[PDB]
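Working notes for the structure below.
Here the Cβ positions follow ideal geometry from the backbone for every residue, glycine too, while neighbour counts run over all protein chains shown. Nothing in this text is a laboratory measurement; each read-out follows from the coordinates by a stated rule.
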Ligand SMILES: COc1ncc(Br)cc1CC(=O)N1CCC[C@H](C(N)=O)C1
Ligand SMILES: [Zn+2]
């Protein structure tokens, strides 16, 4: 679990969105596993605007942060789950690292700010849904 709080927005994995998230829907994309809902309280997370390929992610299944090198956002094939059939997920970045299903929502950050959130994993690889292209999160 986990979210990014920026301005009047809440960014979560789409497969984990709540009833309140859908009732206050701003934007959602199944192909990216992202959902953004509006909030009354103001968020303070800084979104990174960069092309960094190194950062640190929070892994709740180990109560630890891990440094990783990650790929550039791209279309990656993701196995079927209870939330989606087998498909290509877009804007996905992979790193060699540990994750379990409950790790989705952990933040990946670089020196410039928040890069994305854990979205997929398996076989010793962790995938993060990039959010750096969503320029509107700041305005
Ligand atoms: C961090 O997730 C995981 N990590 C390790 C294993 Br094994 C398994 C996972 C779960 C995972 O990859 N999923 C399930 C939930 C929806 C996901 C999606 N974006 O399509 C795919
Ligand atoms: Zn950066």
Checklist line | In nm, spacing of pseudo-spin labels at residue 65 and residue 87 (7 Å Cα→C-beta vector) | finding: 3.3 nm
Note to self: Just to compare against my own numbers: the Cα pair-distance distribution for region 3-44, 5 Å bins, whole % per bin, please.
What the structure shows: 7, 28, 35, 21, 8, 1
Notebook entry, point to check: Could the peptides 50-62, 94-106 be put in order, highest first, of the mean number of other beta-carbon atoms found within 10 Å of their residues?
Noted result: 94-106, 50-62
Next item on the list: Send over the Kirkwood Rh of the chain, from the inverse of the averaged 1/r over different Cα pairs, rounded to one decimal Å.
Entry: 14.9 Å
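Given only helices, namely DSSP H runs of n ≥ 4 each adding -39500 (n - 2.57), what is the per-residue ellipticity at 222 nm of the chain, to the nearest 500 deg cm²/dmol?
Numbers: 1 runs with 5 residues, N = 139.
-500 deg cm²/dmol, from helical runs alone.
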Note to self: From Cα pairs below 8 angstrom and at least 6 apart in sequence, can you work out the relative contact order of the chain, rounded to a whole percent?
What the structure shows: 25 percent
